[PDB]
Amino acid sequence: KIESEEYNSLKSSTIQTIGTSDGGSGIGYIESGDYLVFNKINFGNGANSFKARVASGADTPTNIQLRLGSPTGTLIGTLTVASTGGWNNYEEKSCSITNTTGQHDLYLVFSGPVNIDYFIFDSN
C-alpha cells in the first residue's frame, strides 16, 4: 500500500493534496500529462494486481498508466476510472498488471482528472 499524498516527486502545475470526508488525504486537481513518482518501490514477492481508492466527477474516463523507471518506461498496466458519482465519492477500482518483482521507481501517469487516496499492489 502507497498513499498518493506521500509521493517523492511529481510533474504538475495544478496537483493539490486534498482531504476526504472520512478524515483521510489524497491527491486532486490532476490534469492530463501529470504524473506522481514513488521511488524504490519493492514489489517484493510478486504483483499482478493494482487497486486504487479513487473518486471522479469527470464526464470522460481518466487512464492511470503504471510505468516503471521513467514516465515513458515499461507500461505494466492501466487503470481506467470513469465517474464514481462525484469528486468525494470514493470507490476501490482494480486492474491486472504484468507480473512485477524487484525494485523500481513507479510513475503514475494521468490522462485527465481523478481524485486518488491510496493504491495497493497484490497477487491474485
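Counting begins at 1, following the sequence as shown.
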Please compare 66-74 with 94-102 and say which has the higher mean C-alpha temperature factor in the record. 94-102
Out of 109-117 and 21-29, which one has CA B-factors that are higher on average in the deposited record? 21-29
For the listed residues 80, 88, 83, 49, which one has the largest C-alpha B-factor as given in the deposited model? 49
Reading the B-factor column of the entry, which of 55, 37, 58, 41 has the highest value at its C-alpha atom? 41
Compare the C-alpha B factor of residue 122 with those of the other modelled residues in its chain, then answer lowest, middle or highest third. highest
